[PDB]
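Down below is the structure, laid out as structure tokens.
Hydrogens, waters and symmetry mates play no part in the numbers below; they use all other heavy atoms, side chains included. Remember, it's 1-based here, ligands and their atoms both numbered in the order they're listed. Throughout, a chain's letter reflects where its sequence line sits, starting with A, and its residues are numbered from 1.
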There are 2 protein chains.
Amino acid sequence: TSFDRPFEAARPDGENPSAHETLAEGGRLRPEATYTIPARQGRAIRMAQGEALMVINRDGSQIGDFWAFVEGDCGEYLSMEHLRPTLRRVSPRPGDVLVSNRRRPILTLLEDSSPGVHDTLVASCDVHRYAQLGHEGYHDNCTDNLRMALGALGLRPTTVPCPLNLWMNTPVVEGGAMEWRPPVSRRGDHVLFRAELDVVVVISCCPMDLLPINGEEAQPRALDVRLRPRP
Amino acid sequence: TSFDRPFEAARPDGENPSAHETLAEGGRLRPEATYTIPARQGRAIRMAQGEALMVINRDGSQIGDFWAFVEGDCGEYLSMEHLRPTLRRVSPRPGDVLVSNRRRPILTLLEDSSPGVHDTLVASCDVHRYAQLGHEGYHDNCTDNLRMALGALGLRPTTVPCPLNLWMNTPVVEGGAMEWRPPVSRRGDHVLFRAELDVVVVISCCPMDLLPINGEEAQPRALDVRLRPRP
Ligand SMILES: [Cl-]
Ligand SMILES: [Cl-]
Ligand SMILES: [Mg+2]
Ligand SMILES: [Mg+2]
Ligand SMILES: [Zn+2]
Ligand SMILES: [Zn+2]
């Protein structure tokens with residue numbers, strides 16, 4: 001879309017199967033069954049309050065862009081800029097209550113088998129990022145994956161929140177620069193979240209494949225999820 | 001508003017003179033004249049592409065919450081989570097082009113007479129923050145100031161972006177904690193921004209007055225602004 005036209009948080013800039021495939025009807029997963037979010041794509045997952053969701057780094061080096069919205073109101077969402085002052089920390093650890101843009105609990109991070117490195121600072125990739133990196137034509141991207149995954153449940157975001165970039169390792173070094181590093185996750189590492197409200201979670205398997213880190217571009221792969229019922 | 005009702009980015013939670021007073025008609029300041037944004041309040045300022053805006057820490061210790069929106073489209077705005085990966089830095093320095101949520105230039109930071117400490121990580125204060133700190137009844141807050149200042153020009157935001165928290169000194173220390181510190185600004189310190197598009201800037205003189213740092217609460221004071229014409 002030409003920049004003379006207004007920005008539209010809900011409008012995808014292109015298409016992939018995220019527009020039409022859902023993990024299960026209504027995003028309501030069967031409990032204790034593993035589902036796979038394909039490489040380069042996003043999916044939405046409904047959770048009832050008290051349920052838990054495992055997100056598993058299936059192949060070990062993949063970044064997962066993670067969002068959560070209140071059921072019935074995409075205008076209230078897990079909010080990185082509210083998360084940080086509430087915890088007085090840049091990124092969450094197991095036991096931390098993660099808040100919405102109303103500063104109320106929306107999720108609790110319960111487990112993290114990795115060394116605990118994640119990024120809360122960086123926007124989701126989008127077509128403008130790929131154009132800036134030299135790419136010709138459409139590139140799959142996390143912002144479009146969010147839009148499509150929500151759209152497949154009949155939902156439209158009114159803003160694109162900052163993702164929680166699961167397993168992304170971009171530390172801030174002395175002097176204020178952000179330094180690209182490879183992930184420190186390993187195959188099978190997981191995080192576990194508990195829903196503190198009824199929510200819609202969205203996860204995008206980031207398709208970034210144009211940024212050499214330590215001599216090699218990322219190679220987009222899938223992520224696994226598994227829902228645990230409320231006891 | 002009860003949390004059973006949806007979040008509304010444009011709806012103020014209370015009132016102060018920001019709802020009805022503007023610095024000048026339409027936010028169009030007379031060039032090279034100093035205007036004062038009162039303590040605890042916000043104001044909107046229109047800028048044409050190529051104009052510059054000085055923001056002056058009138059009394060020296062005040063935090064200014066700063067936003068910018070594209071003229072004609074509050075859905076496109078100066079975006080902290082896009083600013084950071086574009087600069088590969090946590091906070092901007094003079095010479096840095098600051099981008100919108102479309103990753104295009106919206107402002108350039110031209111000058112900063114302070115030591116250069118600002119925060120891009122923390123949400124604007126809101127009624128929920130003050131309730132969490134123990135406050136009874138309405139408290140002035142930056143999120144409401146944003147809403148009111150835009151409303152006084154006939155504008156309604158569709159999301160509350162993260163502010164740039166001018167002169168806020170909350171460094172991230174080894175281990176990942178954020179540490180409260182007093183500002184390092186001095187009386188008369190300024191920043192200068194150039195508009196790279198026609199924009200609406202909003203500045204809130206943060207009314208935070210309940211958080212003791214180094215034994216003393218902040219004491220909200222005013223901020224000064226001055227517009228420079230396009231040469
Ligand atoms: Cl766009
Ligand atoms: Cl609210
Ligand atoms: Mg190679
Ligand atoms: Mg005292
Ligand atoms: Zn991505
Ligand atoms: Zn404030």
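- Classified by interplanar angle (parallel below 30°, tilted 30° to 60°, perpendicular above 60°), the ring pair A:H135/A:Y130 is perpendicular.
- Listed by first then second residue, pairs satisfying salt bridge (charged side-chain N to carboxylate O under 4.0 Å, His left out) with a partner in residues 205-223 of chain B read B:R40-B:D209, B:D59-B:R221, not counting sequence neighbours.
- Not a single ring-ring contact (aromatic ring centres under 6.0 Å, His included) links A:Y77 to another residue, sequence neighbours left out.
- Residues satisfying the salt bridge (charged side-chain N to carboxylate O under 4.0 Å, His left out) criterion with B:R88, sequence neighbours excluded, are absent altogether.
- Donor-acceptor pairing under 3.5 Å is recorded for the side chains of B:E196 and B:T108.
- In this structure, a donor-acceptor pair under 3.5 Å is present between the side chains of A:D140 and A:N16.
- The set of protein atoms (N, O or S) found at less than 2.8 Å from the Zn ion (ligand 6) reads B:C125 SG, B:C142 SG, B:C206 SG, by chain and number.
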